[PDB]
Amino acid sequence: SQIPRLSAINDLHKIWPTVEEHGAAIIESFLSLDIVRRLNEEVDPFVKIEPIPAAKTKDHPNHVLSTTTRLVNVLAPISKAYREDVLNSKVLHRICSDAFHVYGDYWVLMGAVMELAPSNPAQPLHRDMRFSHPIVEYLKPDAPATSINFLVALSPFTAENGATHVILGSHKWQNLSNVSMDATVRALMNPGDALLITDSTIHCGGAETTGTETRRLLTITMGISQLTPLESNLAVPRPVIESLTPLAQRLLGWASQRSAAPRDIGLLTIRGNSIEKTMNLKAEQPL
């Protein structure tokens, strides 16, 4: 029983309901091949100079990822394609406003390119967020998902090169005795396709068995604005921020945020006024 594959345009309204039901879905052509090309070109060197996740020079080493994983986040200052095309993706936002309407505004918890070296082993089956947001474990099991993860293929995902594994329905599992690779299916994707899961979906990167291919993805963890992002844009240069749309600015923490509470008093406000209003933050200004 395989992962449901949906069209990004034809099937748009069906994507989140599918994920909310089965815990994963494949969005075909989530990003056009042109945007994939530009993303790749724009991140390439930063991937090449990224060290091992737990590198001794980092003051927040990542000990969980394998030393053959490279992860580069805070993509806005690196990539025009990301901060213009990806952050304003209309598919991304209809899915996110579908999934999060119960909670209110959403933003990027983390936008990151992961490239896995040849023969990178499968990851352990996991739920995301358990090394950053322990509060999530304390949610009632039927609480609506507070973050979701777009795993976007920047190169081909094949069974042989390590395409991600998911366990269908595992986002509703409380008893974990059922957990094992036996229960998984694969996300077979062309570049630009995206695998979409929730923070409860049990999944892992697969084993790279060709010993040659280098697999690369863009993982966009979108979450309610009530949860703190894994990454900071505080250091992104103001001229970059002001080149963006207001929507993009909000997604990066450069705007105030709102809950869905009918009388919402808002998040990250300043004496009752927004960040952008207070700071007179320009938008969509070219560089």
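The first residue of the sequence shown is number 1, and the count goes up from there.
Enquirer: Pick between 78 to 86 and 108 to 116: the one whose mean CA B-factor in the entry is higher.
Expert: Here the higher of the two C-alpha B-factor means belongs to 78 to 86.
Enquirer: Averaged over C-alpha atoms, is the B-factor higher for 242 to 250 or for 220 to 228 in this PDB entry?
Expert: Higher mean C-alpha B-factor: 242 to 250.
Enquirer: Which one, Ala24, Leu268, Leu12, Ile265, has the peak C-alpha temperature factor per the PDB entry?
Expert: It is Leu12.
Enquirer: Looking at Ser177, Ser147, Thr201, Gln123, which one carries the largest C-alpha B-factor according to the PDB entry?
Expert: Among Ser177, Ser147, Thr201, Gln123, the highest C-alpha B-factor in the entry belongs to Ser177.
Enquirer: Within this chain's modelled residues, let me know which third the CA B factor of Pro191 belongs to: lowest, middle or highest.
Expert: Ranked within chain, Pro191 CA B lands in the middle tercile.
Enquirer: How does the C-alpha B factor of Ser132 compare with the rest of the chain: lowest, middle or highest third?
Expert: Ranked within chain, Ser132 CA B lands in the lowest tercile.
Enquirer: Lowest, middle or highest third of the chain for the C-alpha temperature factor of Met181?
Expert: Highest third of the chain for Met181's C-alpha B-factor.
Enquirer: Against its chain's modelled residues, does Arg37's Cα B factor rank lowest, middle or highest third?
Expert: Highest third - that is where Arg37 ends up once the chain's C-alpha B-factors are sorted.
Enquirer: What third of the chain, by the recorded C-alpha B-factor, contains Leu234?
Expert: Lowest third - that is where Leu234 ends up once the chain's C-alpha B-factors are sorted.
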